[PDB]
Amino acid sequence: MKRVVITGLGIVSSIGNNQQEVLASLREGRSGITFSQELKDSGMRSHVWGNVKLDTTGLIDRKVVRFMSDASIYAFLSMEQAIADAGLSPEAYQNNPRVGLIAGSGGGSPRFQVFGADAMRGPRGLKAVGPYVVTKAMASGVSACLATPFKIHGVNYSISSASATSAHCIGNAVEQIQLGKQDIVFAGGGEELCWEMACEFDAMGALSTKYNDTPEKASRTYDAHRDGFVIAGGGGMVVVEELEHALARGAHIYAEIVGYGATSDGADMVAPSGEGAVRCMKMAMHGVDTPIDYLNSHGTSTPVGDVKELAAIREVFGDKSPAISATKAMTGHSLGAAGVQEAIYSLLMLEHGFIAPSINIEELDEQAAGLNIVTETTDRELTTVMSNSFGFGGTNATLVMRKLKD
């Protein structure tokens, strides 16, 4: 029954360590992809990634960071930013039963799980493993490592759904507020970047391997010669809040979440059916009586995936399709963190009135003909935006956000 808005955001990504840096990159169509000596040394074929350009050493208290893996660290930093951006003080959100946290990652921590196994097999056994691997490697690490130090008393758990992970976290947060159980819920996620995890993707042939010499051109959603996505890492968090509660404290409102769709393909384990995406987008548009001005597609730069989504978009919008752009062309695929980060990019476009470009399209794919895929930064007042997130196992999520009247 309650209305839900976003009143704060935080982000650590391949194209910026805060929203100011991210805004700059989006407007310039700047790539965050670099060559990775780590991936190459591991024996992989894909040697490019969207890495976080930031030394996190000493940014978090020793007694707090000892339980964390990179996914949790990225999410933590993003939350600190979100709290400051939202203008919330400790006395308001801490030890408050009406304030919760829903954040997750797609793979937990392959790095620390492998570390533990490797240590256990050495001559020092248990002594070499140490007592902190469980909180670093458990699937709920991102929520557990944040809810505790931030003194959260409300809901506390992680939602995981591969590449749709953080989108579902935001959606579930919305639901908690609509149910009247929470007034504020920090929602987002994080994902570490390491060969331990990346090699499994390369092994299934999902990663780009043809552009290692020109890193910034590897991620090329919609380009006729795309050859897989570029793995990335990072984190993001947004403050989901009940409308009256936000207005009562004089919060800055970025937008209202007016639609949330969550569906399942029930078809293929790794490829989207398209049919599920159609139902997801429609579900998210139910009751939304303003046109979608911009759509931030899932578009990972894969042969099948890119066009399956475009086909879904055509069926949903008919001859009234919105401006479209795939920011992954610039940032790479941050997996579990993709949902929240892309929701954030969309919010920035909505807040500053511009559409970020879909870069690296040298030869548009035949199946993309006729659609308005923006390839250059465009100034334009936007009112309603949509963001898609699809994951392995046929899990779909769509979020629709709209400016609040006045």
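Start at 1 with the first residue shown and count on from there.
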Taking only the CA atoms, which stretch has the higher mean B-factor in the record, 164-172 or 90-98? 90-98
When the Cα temperature factors in the entry are averaged, is it 155-163 or 302-310 that ends up higher? 302-310
Go through 191, 85, 196, 275 one by one and give the residue whose Cα B-factor in the PDB entry is largest. 275
Per the PDB entry, maximal CA B factor within 185, 230, 138, 271: 271
Residue 211: C-alpha B-factor third of its chain, per the entry, is the highest
Quick tally, chain-level thirds of C-alpha B-factors: residue 35 sits in the highest
Residue 323: which third of its chain by C-alpha temperature factor? middle
What third of its chain's C-alpha B-factors does residue 134 belong to: lowest, middle or highest? middle
Would the CA B-factor of residue 317 place it in the lowest, middle or highest third of its chain? highest
